[PDB]
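Chemist: Provided herewith is a single structure, encoded as C-alpha cells, for subsequent inquiry.
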Amino acid sequence: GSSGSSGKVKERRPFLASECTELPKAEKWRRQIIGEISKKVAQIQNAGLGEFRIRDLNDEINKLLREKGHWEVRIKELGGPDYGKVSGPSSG
C-alpha cells in the first residue's frame with residue numbers, strides 16, 4: 001500500500017507572493033481574494049451601514065486589491081497565465 005490523504009483543514013494564505021513558490025498555488029490565492037473584494041464592494045454600494053462601516057470596508061478593499069496585483073502577476077512571472085498584466089498598463 002501507499003500513503004496519500006488530503007483535506008483535513010483549510011490553508012492560510014501567505015503574505016509574500018514570493019514565498020509561495022507554487023504556480024498552481026498562486027492561481028487559487030488570486031481567486032480567493034476576488035471573492036472577498038466583491039463581498040465588500042456590496043456593503044459599500046449599499047451606503048446604509050454608516051460612515052464608520054463604509055470606512056472600514058473601503059479600507060480593506062484596497063488592501064485586498066493590492067494583494068491581487070501581486071498574485072495575478074506573480075502567477076505570470078512564475079510561468080503561468082497573466083491576470084494582472086492585462087488589467088491595466090505595463091508595470092515592472
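Labels for the C-alpha cells follow display order: chains A, B, ..., residues from 1 in each chain, ligands from 1.
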Residues near residue A:41, anyone? I mean within 12 Å using only C-alpha atoms, not counting same-chain ones fewer than 6 positions away, as number ranges by chain.
Modeler: A: 34-35, 47, 54-62, 64-65
Chemist: Do a neighbour search on residue A:31 at 12 Å with only C-alpha atoms, toss out local chain neighbours closer than 4 positions, and write the hits as an MDAnalysis selection string.
Modeler: chainID A and resid 13 24:27 35:38 64:65 67:69 71:72 75 83
Chemist: Grab the residues selected above and save them as a PDB file, in the first residue's frame with C-alpha atoms.
Modeler:
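The file below, result_24.pdb, is the result:
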ATOM      1  CA  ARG A  13      -2.725  32.330   2.540  1.00  0.00           C
ATOM      2  CA  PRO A  24      -0.751  26.196  -9.041  1.00  0.00           C
ATOM      3  CA  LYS A  25      -0.889  27.719  -5.558  1.00  0.00           C
ATOM      4  CA  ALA A  26      -0.844  31.372  -6.613  1.00  0.00           C
ATOM      5  CA  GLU A  27      -3.676  30.608  -9.033  1.00  0.00           C
ATOM      6  CA  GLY A  35     -14.439  36.931  -3.814  1.00  0.00           C
ATOM      7  CA  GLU A  36     -13.507  38.996  -0.768  1.00  0.00           C
ATOM      8  CA  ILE A  37     -13.279  42.290  -2.654  1.00  0.00           C
ATOM      9  CA  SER A  38     -16.741  41.806  -4.151  1.00  0.00           C
ATOM     10  CA  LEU A  64      -7.396  43.196  -0.901  1.00  0.00           C
ATOM     11  CA  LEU A  65      -6.706  44.680  -4.335  1.00  0.00           C
ATOM     12  CA  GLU A  67      -2.640  41.634  -2.884  1.00  0.00           C
ATOM     13  CA  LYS A  68      -4.155  40.728  -6.254  1.00  0.00           C
ATOM     14  CA  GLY A  69      -1.739  42.906  -8.204  1.00  0.00           C
ATOM     15  CA  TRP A  71      -0.727  37.345  -7.123  1.00  0.00           C
ATOM     16  CA  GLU A  72      -2.367  37.702 -10.536  1.00  0.00           C
ATOM     17  CA  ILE A  75       1.436  33.803 -11.459  1.00  0.00           C
ATOM     18  CA  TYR A  83      -4.179  38.129 -14.857  1.00  0.00           C
TER      19      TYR A  83
END
Chemist: Report the distance between atom CA of residue A:79 and atom CA of residue A:32 in Å, rounded to one decimal place.
Modeler: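 Distance between the two atoms: 20.1 Å.
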Chemist: Where in stretch 2-91 of chain A does DSSP assign alpha helix (DSSP H), given as JSON, numbers by chain?
Modeler: {"A": [23, 24, 25, 26, 27, 28, 29, 30, 31, 32, 33, 34, 35, 36, 37, 38, 39, 40, 41, 42, 43, 44, 45, 46, 51, 52, 53, 54, 55, 56, 57, 58, 59, 60, 61, 62, 63, 64, 65, 66, 67, 68, 69, 70, 71, 72, 73, 74, 75, 76, 77, 78]}
Chemist: Can you write out the residues you just picked, keeping C-alpha atoms, as a PDB file, in the first residue's frame?
Modeler:
ATOM      1  CA  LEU A  23       2.493  28.149  -9.594  1.00  0.00           C
ATOM      2  CA  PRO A  24      -0.751  26.196  -9.041  1.00  0.00           C
ATOM      3  CA  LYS A  25      -0.889  27.719  -5.558  1.00  0.00           C
ATOM      4  CA  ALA A  26      -0.844  31.372  -6.613  1.00  0.00           C
ATOM      5  CA  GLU A  27      -3.676  30.608  -9.033  1.00  0.00           C
ATOM      6  CA  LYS A  28      -6.029  29.752  -6.169  1.00  0.00           C
ATOM      7  CA  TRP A  29      -4.868  32.564  -3.886  1.00  0.00           C
ATOM      8  CA  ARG A  30      -5.794  35.090  -6.574  1.00  0.00           C
ATOM      9  CA  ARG A  31      -9.396  33.923  -6.935  1.00  0.00           C
ATOM     10  CA  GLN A  32      -9.909  33.766  -3.169  1.00  0.00           C
ATOM     11  CA  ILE A  33      -9.053  37.467  -2.963  1.00  0.00           C
ATOM     12  CA  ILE A  34     -11.506  38.400  -5.715  1.00  0.00           C
ATOM     13  CA  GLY A  35     -14.439  36.931  -3.814  1.00  0.00           C
ATOM     14  CA  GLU A  36     -13.507  38.996  -0.768  1.00  0.00           C
ATOM     15  CA  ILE A  37     -13.279  42.290  -2.654  1.00  0.00           C
ATOM     16  CA  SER A  38     -16.741  41.806  -4.151  1.00  0.00           C
ATOM     17  CA  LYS A  39     -18.369  40.778  -0.871  1.00  0.00           C
ATOM     18  CA  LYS A  40     -17.061  44.100   0.442  1.00  0.00           C
ATOM     19  CA  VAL A  41     -17.959  46.138  -2.642  1.00  0.00           C
ATOM     20  CA  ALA A  42     -21.612  45.303  -1.995  1.00  0.00           C
ATOM     21  CA  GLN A  43     -21.671  46.602   1.579  1.00  0.00           C
ATOM     22  CA  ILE A  44     -20.218  49.823   0.176  1.00  0.00           C
ATOM     23  CA  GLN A  45     -22.684  50.087  -2.707  1.00  0.00           C
ATOM     24  CA  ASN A  46     -25.493  49.828  -0.154  1.00  0.00           C
ATOM     25  CA  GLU A  51     -19.786  56.063   7.577  1.00  0.00           C
ATOM     26  CA  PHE A  52     -17.829  54.186  10.246  1.00  0.00           C
ATOM     27  CA  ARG A  53     -18.712  50.996   8.373  1.00  0.00           C
ATOM     28  CA  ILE A  54     -18.137  52.263   4.833  1.00  0.00           C
ATOM     29  CA  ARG A  55     -14.722  53.455   6.010  1.00  0.00           C
ATOM     30  CA  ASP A  56     -13.735  50.085   7.470  1.00  0.00           C
ATOM     31  CA  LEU A  57     -14.809  48.380   4.243  1.00  0.00           C
ATOM     32  CA  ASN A  58     -13.229  50.732   1.704  1.00  0.00           C
ATOM     33  CA  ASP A  59     -10.067  50.490   3.805  1.00  0.00           C
ATOM     34  CA  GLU A  60      -9.907  46.731   3.240  1.00  0.00           C
ATOM     35  CA  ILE A  61     -10.995  46.943  -0.398  1.00  0.00           C
ATOM     36  CA  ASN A  62      -7.609  48.443  -1.265  1.00  0.00           C
ATOM     37  CA  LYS A  63      -5.702  46.037   0.981  1.00  0.00           C
ATOM     38  CA  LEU A  64      -7.396  43.196  -0.901  1.00  0.00           C
ATOM     39  CA  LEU A  65      -6.706  44.680  -4.335  1.00  0.00           C
ATOM     40  CA  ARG A  66      -3.018  45.338  -3.669  1.00  0.00           C
ATOM     41  CA  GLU A  67      -2.640  41.634  -2.884  1.00  0.00           C
ATOM     42  CA  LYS A  68      -4.155  40.728  -6.254  1.00  0.00           C
ATOM     43  CA  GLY A  69      -1.739  42.906  -8.204  1.00  0.00           C
ATOM     44  CA  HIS A  70       0.970  40.721  -6.686  1.00  0.00           C
ATOM     45  CA  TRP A  71      -0.727  37.345  -7.123  1.00  0.00           C
ATOM     46  CA  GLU A  72      -2.367  37.702 -10.536  1.00  0.00           C
ATOM     47  CA  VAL A  73       1.037  38.986 -11.648  1.00  0.00           C
ATOM     48  CA  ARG A  74       3.183  36.617  -9.589  1.00  0.00           C
ATOM     49  CA  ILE A  75       1.436  33.803 -11.459  1.00  0.00           C
ATOM     50  CA  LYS A  76       2.750  35.072 -14.796  1.00  0.00           C
ATOM     51  CA  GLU A  77       6.291  35.649 -13.534  1.00  0.00           C
ATOM     52  CA  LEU A  78       6.289  32.036 -12.344  1.00  0.00           C
TER      53      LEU A  78
END
Chemist: Quick one: distance from atom CA of residue A:15 to atom CA of residue A:84 in Å, one decimal?
Modeler: 17.5 Å
